[PDB]
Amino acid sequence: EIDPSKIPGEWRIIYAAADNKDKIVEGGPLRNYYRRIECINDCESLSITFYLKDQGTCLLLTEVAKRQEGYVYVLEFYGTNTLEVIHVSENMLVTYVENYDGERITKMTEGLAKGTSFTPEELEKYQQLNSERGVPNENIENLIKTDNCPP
């Protein structure tokens, strides 16, 4: 059960995982450094602020994802995406994204944090969510360690 009151916040991304790992490694289009999620009209839309890093340059973007059904949203960004908020707590948010780039479908997750770094229970929860959705835990990338764009 998703509590929409917990969705908004100054989130940072710790981990991402994808079946097509090339999408989320450094230089990949779906390696996105979160800064903020804002709910618009009671989460009818999510306004998501994040950085892309390209050739050493930090690109600060805000993209708006529109509600499709429940907490599944849609946005065009390097292809057609659905983005689902699959877990949210006071300190953790996990997304599940399906991206179609005209050639491949990519299934991926993002593990976002507030406060201190992911605990062991948070790490395990993230891996369990991945396994439930067929996203390989062997394809987990640590994003926070390469996030050197402005706070």
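Note that residue numbering begins at 1 and tracks the sequence as displayed.
Highest C-alpha temperature factor among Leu112, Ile40, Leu30, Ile48 per the entry: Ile40. Among the modelled residues of its chain, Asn130 has a C-alpha B-factor that falls in the middle third, as given in the PDB entry.
When the CA B factors of the chain's modelled residues are split into thirds, the value for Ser89 lands in the middle one. The PDB entry assigns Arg104 a C-alpha temperature factor belonging to the highest third of its chain's modelled residues. Among the modelled residues of the chain, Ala18 sits in the middle third by CA temperature factor in this PDB entry. The entry lists a Cα temperature factor for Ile2 that places it in the highest third of the chain's modelled residues.
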